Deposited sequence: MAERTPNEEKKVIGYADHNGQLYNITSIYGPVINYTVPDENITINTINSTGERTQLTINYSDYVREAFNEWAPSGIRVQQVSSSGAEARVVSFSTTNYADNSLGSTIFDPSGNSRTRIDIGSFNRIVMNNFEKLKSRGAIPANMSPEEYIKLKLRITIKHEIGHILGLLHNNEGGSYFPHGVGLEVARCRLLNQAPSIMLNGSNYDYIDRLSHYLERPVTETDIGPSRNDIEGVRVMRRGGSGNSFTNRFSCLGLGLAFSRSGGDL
């Protein structure tokens, strides 16, 4: 694996208006209760490709990806977390509203998925970023998993890698869990406006990417660990996740 640039390993947590990181244990409880409609997400794109998917099942896998942070979840039938489907066709695959009251909400846009998903498929497959083998169905599976795990990151108090210092509805982004000394995959919380996560992960792995490769990076996990205890964004225990390695020098 190549060396991921520091900017792609940088993780930003959601702080309030007083520079204090939101505590997601305090927000969701020790166990995060969440709801999903009757699953059955269906995608229809043309170039044609159809695909049906259990929202419940894909959310389940995504949450499990984040389990190393020490979080625990609980699917509950419809102040709790909501996963929903929308059809704005907004050139936006997914979106999340982080609510300190516990009612954080994540949406997956079918209209956007139907329109714009395949727009980088052939571009990537030629770059060697995804296998020439990969089917159009698997690619839509891949993008959906990435999208859900990425939005889960937002649910767990993370923002985008490049949003340190930027202002948000409930406060400001502050870097958490910094670790530049340990090589690792790019964060799944890369700003999608500025990065192609699949492309960057492929650059890191020096080979095409599969579903088993994607997921929260080491720093992503450490970031949520910080969000699970909150406190000052200025605390060194919050700001750094491997500074002890400095002693080895």
| If you line up the deposited sequence with the model, which stretches have no C-alpha coordinates? | 1, 49-52, 84-88, 260-266
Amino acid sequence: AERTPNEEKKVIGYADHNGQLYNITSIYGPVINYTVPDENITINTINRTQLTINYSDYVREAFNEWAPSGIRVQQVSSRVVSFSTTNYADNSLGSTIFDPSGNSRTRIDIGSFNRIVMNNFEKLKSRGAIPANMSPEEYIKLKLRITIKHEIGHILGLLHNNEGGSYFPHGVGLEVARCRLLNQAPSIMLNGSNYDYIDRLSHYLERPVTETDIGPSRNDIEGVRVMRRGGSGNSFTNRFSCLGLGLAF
From here on, numbers count along this sequence of modelled residues.
| So which stretch wins on mean C-alpha B-factor, 5-13 or 228-236? | 228-236
| remark: With B-factors read from the PDB entry, the higher C-alpha mean of 37-45 and 214-222 is in 37-45
| field | Residue of maximum C-alpha B factor among 69, 187, 193, 54, per deposited coordinates | value | 54
| query | For the listed 147, 75, 104, 162, which has the peak Cα B-factor recorded in the PDB entry? | reply | 75
| residue 129's Cα B-factor: lowest, middle or highest third of the chain? | middle
| field | Relative C-alpha B-factor of residue 26, binned into the chain's lowest, middle or highest third | value | middle
| field | residue 98 by Cα B-factor - lowest, middle or highest third of the modelled chain | value | middle
| said: Please say which third, lowest, middle or highest, residue 110 falls into when its CA temperature factor is compared across its chain. | reply: highest
| message | Looking at the temperature factor on the CA atom of residue 86, which third of the chain's modelled residues does it land in? | response | highest
